[PDB]
Amino acid sequence: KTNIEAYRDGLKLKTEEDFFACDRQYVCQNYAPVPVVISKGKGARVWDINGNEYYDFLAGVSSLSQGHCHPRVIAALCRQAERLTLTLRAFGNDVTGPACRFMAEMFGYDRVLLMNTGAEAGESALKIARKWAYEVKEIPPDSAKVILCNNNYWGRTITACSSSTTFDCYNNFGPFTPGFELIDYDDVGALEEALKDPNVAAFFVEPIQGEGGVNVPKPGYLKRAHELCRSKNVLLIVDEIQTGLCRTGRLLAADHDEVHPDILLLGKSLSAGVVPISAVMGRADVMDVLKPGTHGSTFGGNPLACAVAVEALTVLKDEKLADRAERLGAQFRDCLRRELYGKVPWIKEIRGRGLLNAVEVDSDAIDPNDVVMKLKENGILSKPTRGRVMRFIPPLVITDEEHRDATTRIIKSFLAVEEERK
Amino acid sequence: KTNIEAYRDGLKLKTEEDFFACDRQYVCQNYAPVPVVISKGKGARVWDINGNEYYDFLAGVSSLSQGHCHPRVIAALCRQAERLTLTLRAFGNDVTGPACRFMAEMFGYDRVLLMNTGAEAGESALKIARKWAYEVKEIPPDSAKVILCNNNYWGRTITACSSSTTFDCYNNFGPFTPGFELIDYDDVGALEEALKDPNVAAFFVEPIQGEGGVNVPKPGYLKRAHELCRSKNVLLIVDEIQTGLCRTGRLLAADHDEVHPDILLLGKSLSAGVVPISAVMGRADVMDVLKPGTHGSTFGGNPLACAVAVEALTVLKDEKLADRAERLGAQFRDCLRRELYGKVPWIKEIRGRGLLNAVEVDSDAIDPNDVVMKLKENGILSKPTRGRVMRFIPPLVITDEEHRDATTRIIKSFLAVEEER
Ligand SMILES: *Cc1c(COP(=O)(O)O)cnc(C)c1O
Ligand SMILES: *Cc1c(COP(=O)(O)O)cnc(C)c1O
């Protein structure tokens with residue numbers, strides 16, 4: 001009945017290959033997808049166009065923590081969408097303020113800036129940190145530096161490309177925005193050395209590196225980093241777009257170290273995967289550098305996304321998804337270590353916190369894509385990062401039985417690829 | 001009651017003032033909003049929390065061309081939202097491909113890249129142009145230049161600030177992304193000189209500058225610019241995020257000059273103001289420089305936004321909103337000119353195309369905000385740009401009866417402010 005449905009009917013796409021070809025012909029070819037055509041999602045499950053069921057073990061890289069099509073989130077979208085979707089922040093409305101209050105109180109910050117994407121949240125935090133460094137720290141104009149880590153990921157703008165160490169992310173996209181010092185991740189001594197520069201405005205870091213391969217730092221990393229930064233009046237910007245909102249077994253992964261970020265970033269599951277909405281939060285004397293006219297966005301803070309975000313955030317609490325991720329995650333890692341370590345020599349490491357988990361394989365010893373195909377053959381959808389880091393990031397709403405079943409299927413896939421190697 | 005409704009009820013916010021104080025306390029204060037508290041929108045109209053009606057003459061700066069809460073668009077949102085909203089482009093789905101084909105065919109391009117915001121579309125276009133210049137033009141490493149115009153606006157990223165001449169956009173946000181050459185808008189000679197640098201990858205331009213003040217260039221500008229760029233193998237990137245999608249009385253504002261942009265940007269009304277979705281479109285040999293892993297976005301091309309965009313775009317066609325914009329916009333400029341030129345001396349110029357109109361005032365002879373308040377007294381909601389440029393950007397679905405009424409109301413507001421002068 002709707003225009004997309006009717007247009008699609010007219011195209012007579014029956015087979016999965018009919019869709020792959022449509023995609024190849026008309027869609028900018030900047031992804032290499034897994035060959036599946038998903039048509040429905042609910043909770044931890046998706047179905048392809050043929051009625052085949054899978055567990056979704058990417059979940060939007062932790063954008064779907066609440067599950068696909070969560071009924072409450074969908075009801076809140078549809079109720080608000082019938083009333084009002086967009087005013088701009090040029091006009092007041094009856095949603096944006098309350099939603100920013102809800103977030104401010106939930107995370108403990110004076111001010112909430114709403115943007116659309118995670119990359120926009122990072123851009124906005126860097127602009128805040130620079131303008132603050134210039135106007136409050138009074139460092140010389142154009143000299144602000146931001147420290148970031150090797151293999152960081154914060155998105156795909158030119159400034160993010162300019163602060164990346166991933167070849168594909170920056171190659172042939174220059175010239176680059178200046179002002180970035182890259183240090184190793186999970187290395188406190190290198191941070192301490194970089195903090196000797198009094199031009200540093202901020203250290204920008206992930207509690208666990210997401211795209212970089214689910215890299216879990218050593219105990220105390222973030223606590224120690226924060227102390228170093230405070231002692232130099234340098235802002236700690238913590239990117240929780242992938243790690244935040246219950247994924248690691250706590251509300252924020254920073255909580256594991258009892259760290260309250262000077263600037264916090266949220267996105268992804270902030271909307272339960274329904275619409276793009278991201279947040280930058282911080283104390284008043286930092287956030288208030290963004291005076292009227294100095295920053296903006298058409299859709300940032302639109303009342304529809306705000307309504308969705310408050311529902312999505314409430315589901316996290318009501319369904320105790322932090323406790324669920326903590327419990328199931330510990331079990332997943334325990335299972336895989338028990339049944340795969342030793343028996344599968346080409347597994348380099350099994351790592352994670354909560355339900356942010358990875359199995360790094362040795363890509364010289366095995367074709368990583370065999371594991372991906374095999375997993376799919378056994379009803380598990382995932383996409384690696386860096387070729388060799390297999391990722392297991394299911395929605396947090398995955399039931400005990402679904403998780404047990406999935407774990408069994410996942411173990412079986414690795415063993416099957418190992419058998420096949422013989 | 002959904003969570004936002006129950007939470008808000010608990011805050012006991014009754015007056016407009018209660019809402020403004022809530023904003024000042026919790027919302028990052030990077031806007032100076034007009035004092036109205038909008039609760040609902042329908043078509044060209046909105047209502048505040050006390051049930052006062054207004055005409056929306058900002059329309060999301062042309063994000064709501066289809067009106068607030070277009071029933072077909074909202075029905076499309078809701079139907080798709082029950083089925084599937086996000087897969088990532090890491091997995092296929094049954095929506096993204098067909099929506100991109102729909103777009104490719106409607107606008108006549110080989111490849112469609114879907115992103116979320118207008119800024120992201122601009123970023124993506126600059127990346128494509130730079131990479132193409134390096135890989136196809138073979139210009140030296142890090143040497144790509146992009147030409148754009150004074151008073152341009154394409155967003156708020158650091159790289160957008162780095163290429164702005166607006167003090168508030170860029171001030172204290174550096175150091176800046178290199179590789180930009182700013183020239184005057186609506187100046188073909190300046191473009192021709194700038195194109196002498198063989199390291200230019202692209203000229204990035206708006207068919208009418210939006211935030212810059214609804215600056216309508218001289219006849220032939222875009223046509224002449226495209227020819228100069230082709231002469232030098234430079235890409236013409238046309239930002240139609242504000243001007244496109246029937247706003248100026250044509251499908252694309254570029255159509256006024258019969259210009260097919262080498263890279264086209266859409267955004268805003270691409271979703272009828274319902275969810276952020278933006279698009280970058282271009283020929284295959286340009287767009288295919290974005291190889292797997294070289295660009296991405298979590299929400300870019302998500303199925304929900306696709307279903308919305310297709311419905312949004314079908315509305316524009318089905319409701320003949322280009323013809324509506326042409327016809328009403330001409331009637332608007334003619335009435336304002338006839339009743340305001342000569343009678344109101346502080347109006348510098350009345351200008352626009354279609355329903356992208358502006359009235360620039362002289363702010364040494366009048367307070368800009370007096371006009372804005374009298375408009376609001378008279379039921380017309382607008383926000384100027386650059387202080388002195390009043391903007392009249394209603395939804396295109398505004399009825400004949402509603403548009404005559406609004407036109408009377410705006411004329412009455414300028415005349416009342418002149419009387420009070
Ligand atoms: C995915 C991601 C981003 C960027 O979010 P987009 O919404 O895709 O721009 C930023 N930071 C981290 C840690 C992420 O995982
Ligand atoms: C509003 C606008 C943009 C930016 O779009 P956002 O979605 O606000 O980032 C870019 N270009 C033009 C011409 C615009 O009017």
Side-chain angles (χ1 to χ4, degrees), chain A residues 60-63 86 88-89 115-123 125 148-149 151-157 160 164 204-212 214 237-244 247 253 265-271 273 275-278 295-300 302 356 385 393, chain B residues 60-63 86 88-89 115-123 125 148-149 151-157 160 164 204-212 214 237-244 247 253 265-271 273 276-278 295-300 302 356 385 391 393:
Chain A
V61 199
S62 197
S63 299
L86 180 71
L88 308 167
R89 295 202 36 215
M115 295 297 285
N116 309 278
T117 68
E120 275 182 350
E123 284 283 343
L148 287 85
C149 307
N151 307 303
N152 74 84
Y153 182 81
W154 64 267
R156 300 295 197 154
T157 59
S164 175
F204 179 24
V205 66
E206 301 166 83
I208 299 170
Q209 289 191 314
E211 290 301 305
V214 183
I237 307 175
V238 185
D239 187 339
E240 292 257 16
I241 292 157
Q242 190 171 150
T243 64
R247 172 58 52 181
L265 322 183
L266 302 175
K268 286 196 169 70
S269 286
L270 180 60
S271 72
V275 295
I277 167 163
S278 65
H295 191 68
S297 171
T298 297
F299 285 88
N302 71 83
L356 182 64
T385 188
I393 309 178
Chain B
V61 198
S62 198
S63 302
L86 182 63
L88 312 171
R89 289 194 47 210
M115 298 293 288
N116 307 280
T117 64
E120 288 187 334
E123 289 276 353
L148 19 56
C149 303
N151 304 133
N152 77 85
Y153 185 78
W154 64 271
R156 299 293 193 149
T157 59
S164 181
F204 185 15
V205 68
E206 304 168 74
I208 302 174
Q209 291 193 315
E211 297 303 295
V214 186
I237 305 176
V238 184
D239 186 342
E240 292 250 22
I241 291 164
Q242 188 170 151
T243 63
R247 168 61 50 186
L265 317 186
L266 303 170
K268 289 192 168 81
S269 290
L270 180 61
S271 72
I277 171 169
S278 66
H295 192 64
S297 155
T298 296
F299 286 93
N302 71 80
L356 189 62
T385 184
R391 296 183 288 184
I393 308 178

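In the text below, chain A, chain B and the rest are named by the order of the sequence lines, each starting its count at 1. Just so you know, ligand 1 is whichever comes first in the structure, and atom 1 is the first atom listed for that ligand. These numbers come from the heavy atoms of this one structure, side chains and all, not from hydrogens, waters or symmetry mates.
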Determine whether a donor-acceptor pair (N or O, by modelled atom type, separation under 3.5 Å) exists between the side chain of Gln242(A) and the backbone of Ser62(A).
no
Least distance between heavy atoms, [X] atom then [Y] atom:
X	Y	answer
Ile277(B)	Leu270(B)	O-CD2, 3.7 Å
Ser63(A)	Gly60(A)	OG-O, 2.8 Å
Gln209(A)	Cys149(A)	NE2-CB, 3.9 Å

How many angstroms lie between CZ in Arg391(B) and CG in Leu356(B), if you round to the nearest 0.5 Å?
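So the CZ of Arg391(B) and the CG of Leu356(B) are separated by 9.5 Å.
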Residues forming a ring-ring contact (aromatic ring centres under 6.0 Å, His included) with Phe204(A), sequence neighbours excluded
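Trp154(A).
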List below, pair by pair, the N or O atoms of ligand 2 and of the protein that are less than 3.5 Å apart, including the distance to 0.1 Å; reply 'none' if no pair qualifies.
| unit_1 | atom_1 | unit_2 | atom_2 | d |
| --- | --- | --- | --- | --- |
| ligand 2 | 5 (O) | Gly118(B) | N | 3.4 |
| ligand 2 | 7 (O) | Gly118(B) | N | 2.7 |
| ligand 2 | 8 (O) | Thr298(A) | N | 3.0 |
| ligand 2 | 8 (O) | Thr298(A) | OG1 | 2.6 |
| ligand 2 | 9 (O) | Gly118(B) | N | 3.4 |
| ligand 2 | 9 (O) | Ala119(B) | N | 2.9 |
| ligand 2 | 11 (N) | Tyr153(B) | O | 3.4 |
| ligand 2 | 11 (N) | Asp239(B) | OD2 | 2.7 |
| ligand 2 | 15 (O) | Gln242(B) | NE2 | 2.8 |
| ligand 2 | 15 (O) | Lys268(B) | NZ | 2.8 |

